[PDB]
Amino acid sequence: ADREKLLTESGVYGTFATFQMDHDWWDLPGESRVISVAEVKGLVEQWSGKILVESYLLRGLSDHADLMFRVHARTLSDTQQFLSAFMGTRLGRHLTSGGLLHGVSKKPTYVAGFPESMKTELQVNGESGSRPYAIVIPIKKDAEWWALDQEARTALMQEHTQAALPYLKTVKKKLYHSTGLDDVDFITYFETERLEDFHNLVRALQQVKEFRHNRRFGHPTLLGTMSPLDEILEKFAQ
Amino acid sequence: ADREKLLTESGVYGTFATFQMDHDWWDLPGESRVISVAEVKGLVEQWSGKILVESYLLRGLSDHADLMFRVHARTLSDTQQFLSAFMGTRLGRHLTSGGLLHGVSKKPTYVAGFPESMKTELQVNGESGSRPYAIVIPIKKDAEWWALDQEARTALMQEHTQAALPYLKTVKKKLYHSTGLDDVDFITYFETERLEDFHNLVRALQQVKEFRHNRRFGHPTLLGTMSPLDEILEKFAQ
Amino acid sequence: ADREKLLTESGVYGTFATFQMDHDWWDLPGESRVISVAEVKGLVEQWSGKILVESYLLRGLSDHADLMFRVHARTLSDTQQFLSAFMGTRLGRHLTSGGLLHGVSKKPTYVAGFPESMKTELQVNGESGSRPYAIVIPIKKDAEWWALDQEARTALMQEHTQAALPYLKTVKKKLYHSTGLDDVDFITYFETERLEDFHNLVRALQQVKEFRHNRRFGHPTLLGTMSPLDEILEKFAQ
Amino acid sequence: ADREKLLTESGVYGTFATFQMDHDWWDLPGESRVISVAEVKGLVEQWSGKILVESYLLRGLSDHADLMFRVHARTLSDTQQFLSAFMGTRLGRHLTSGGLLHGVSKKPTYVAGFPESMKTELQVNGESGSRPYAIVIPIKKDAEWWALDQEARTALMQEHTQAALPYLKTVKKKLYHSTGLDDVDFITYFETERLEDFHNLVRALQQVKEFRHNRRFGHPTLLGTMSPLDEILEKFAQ
Amino acid sequence: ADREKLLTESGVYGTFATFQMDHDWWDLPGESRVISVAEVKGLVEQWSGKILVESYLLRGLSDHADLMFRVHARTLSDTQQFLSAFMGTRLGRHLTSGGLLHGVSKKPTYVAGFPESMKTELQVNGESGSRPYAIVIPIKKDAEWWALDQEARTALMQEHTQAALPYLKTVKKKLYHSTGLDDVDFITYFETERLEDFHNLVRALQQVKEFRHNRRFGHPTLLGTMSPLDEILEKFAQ
């Protein structure tokens, strides 16, 4: 049950941590690599009490990245401790740590001021699938966005939501509030079985006025496939 | 036959993947390097059922890049699997993965709203040559482009098309729709025997109004020569 | 006592120095690594006469960074000597020097020209806690900022102060005057037990007019946990 | 004779290729390094039928660069083959490939529409010296430049030419048309015995209106001394 | 005597060359390192006829840099030859060459058009001290700056000079004209015993109108301590 709570409640920290495997990892015998895989698996299980970790194969879809973790935790200290432990494991020691981003899941700022019919649609349940594609786009707003008053921003977000609703059927979403914890304002996360829909979703959004206030849109756009840890690591132990 | 379908149909994913060879690859004896070349060849043939892979020599033409693949696949998960397997082969283990870009081949958005005479010319068959030069330019449009209405954009694309038609005789083209799959909106790909013509084509297009809406033009501009995999890898096995 | 003087007086240089550990550090036997940890410890104690050094675990919270020092000194030459010595120790030789930033603690330029009631609040003592989160944001102002007259800038800083006072309860702060000693105008430093409050503080400040004059805001935003040196280094000696 | 044709005719490709020598090159015994020098020398001679290669010592004058080649070829394929071969030689294998740029020598676009007296001066023969300094500045024009009509651009280039004529006495020049082959529009190349004159030339040019249309000016500005290959490589074989 | 002439006359080239020491330098035994130090010292003395070289400890004050040389020479060829020789010594072979910049010392452009009382002050002798701090800021002016007419620029530089004169007492200065020799227009160099004064000097200058025409200001800002070569290298031979 508590797994659900970290994935849906407000006040939960979400961290996105990317990694790439050193060339010299293959110089290890295959035996060593499988023992190393074992260690990592154990570490994750030991932390399963305090935090939830999900894995993604970025290798072959995202540039300069093999593995990503999405870690949910009630305090970032625990995430620190886990990631430090992880990077210390023998597998971890052969990993070049890529990007790292943090944000807190929060209660919605503009949605209360939307129409009632638009609130119903947002409550509708979309993509419920295993092994979907996963996308992460960090976002930074311009100065102009903050200078706007609440009514203006609420209007712009309503246009945003309107453009995107049709795609809630096949695309799942989650928003993290990132300001002050790194160099972006939000982290956006998505799961979909249909990449061409996701493409059309992003295209629809590029046409709303709100879009021009995204001072940073991507860089990087992370694309991968959701997968259990064992399957990912197994690739490397062969 | 099916080869043609991947290269021409809509809904096919095209991935562009560049690589550079580690200094330490030459520390291997020449025998090891020829065995490794054999591995890679086999892997490509094994995947020949599900995806089409084409190779280009970037070495000596594109900075910080030796090899590029253009991979066509009906699903990006298969491209992932292939590239992951590839990067794992002995040869793959000595390659530093450069850029990686994806886009879907789609049905034309503005071409129906062009004049009939302009539609005839666009259907005309241009460069049919082996071992041609190949160019890849990623493109990102500005906010202002999306804010325009459909009629304005159609107008601007018609100007684009009119500027470029004369060059269809000696330059082949293909457009991939990239938004949401990485940090660019389109990936453009070109084959030509005459680089001087391609130069004059890009020069003609810098003069149309549409051009100023390319927030990102190149970076990198990839230039190479199309070539069978065996020839390219054989260079490295000597 | 004199520890306090360095952390509170004007004319004290604060230097911020980030580091990341080489992959090849783990090729050393665990014995060697414990020896090396000993060395660094000693060097820090030796310099404890002249300068104060504080340590932060960036590992797992800040991208491409494992350790940060905040060094206080009355002359930057001493900081130079200490950092140079540190980088020479065996542990130091396996560290890739990340960013480096300096600024001087100075007497306040605008605060005399604020209201009396606003001066009371600024004097009030906030976060007094061990092992808190620590954030560093380097800042560069635009040309327009400097072109403003004193009255205008004072007005804008009063707005900044007003927005931020409520957060003095749970967030500690320190300002360093960096201009001329590197490529930023200010280094901002913060300690907090409550990241969510820090987030809301930076969000409140993004809405004051002063904010649009930050030509550089972050890049990098350094996030970590304050910790004694032996705990941090101990992680690496295992 | 044919050497002249490549350096003066239109339709000749000029490639600019920079390299830096790996630290571990000195770990080779001095014998090995002289044998390697021999290899490279021979390769250049073997290609002397199809292409012209000239060498420059960038070491000590241009940052992060030791050697530059200026290669002239009637087809870029041949330059590819040569540079690939070169990078493969033992000396080549210890070189980190810096930048790489291409452009075609072309017949002048605006000079026919200049006054007759200004055409006379442009025909006059300037710097005829061995071992001169060499400068390469890549250039990218802004959108605005292309949007101008021919008459406006011709007018601006006439101002450019006028400002720079006095310096034709001591500064030799050549222009390569680079658009579409990489990320710059032009490659500018210069030889001079008098760097202070070159300085004053570039100063004179920063004052003409055309200058503000250079979206990219330099980055890098390459400075070196022209020298035969054997002299340059000899430095490294010691 | 002639030492003065290089440091004061017009037409002398000044080159700024920064270096960082390889990790693997400390794998050498301490004997080898002191022999290496001897080599470099000798080379400098051998070139003492033709050029003047001054050293700065950048380690611990400037990021990614240990050593800087300021070389004065009547011709840049001689600087090239020296720096090449230097990089070739055993010490030199374990150095990663950082930035490199050149400029010529020239007669003042605007000073003749200043008031007489302002000319008197500029003649006054300021900081005469051994082992001072040294700062280098490269500067590139915007297009706008060049488009101004002489009278406008002279006006702006008089404001610049007025702002700065009070600091001539404690800060020594030198200007190198860099355009065409690299990617910047000027190289500014400063010596001071009082960094806090230098800070206030740069702050006073950020408020004059001229300052908004500095398209590039720093990047890097190099900060170090002036010191004899033997002291600096001795640190490394321990």
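By letter and in written order, the chains are A, B, C, D and E; residue numbering begins at 1 in each of them.
In this text, contacts are C-beta pairs under 8 Å (C-beta built on N, C-alpha and C of every residue); 3 or more make two chains touch, one makes a residue touch a chain.
**Q** Per the centroid of Cα atoms for each chain, what is the distance between chain D and chain E, given in Å?
**A** One centre to the other, that is 28 Å.
**Q** Could you tell me the distance, in whole angstrom, between the mean C-alpha positions of chain B and chain E?
**A** Distance between chain centres, rounded to whole Å: 46 Å.
**Q** Could you draw the chains as nodes, link the ones that touch, and say if you get a line, ring, star, complete or other?
**A** Basically the chains close up into a ring.
**Q** Chain sequence round the ring, chain A first and chain B second?
**A** A, B, D, E, C
**Q** Note which residues of chain B are touching chain D in the complex, please.
**A** 23, 26, 57, 59-64, 133, 135, 195-196, 198-199, 201-203, 206-207, 209, 211-212, 218-221, 223, 225, 235, 238
**Q** Across the complex, what residues on chain C touch chain E?
**A** 11, 13, 22, 76-77, 79-84, 87-88, 93-94, 97, 99-100, 102, 104, 143, 146-147, 177, 179-183
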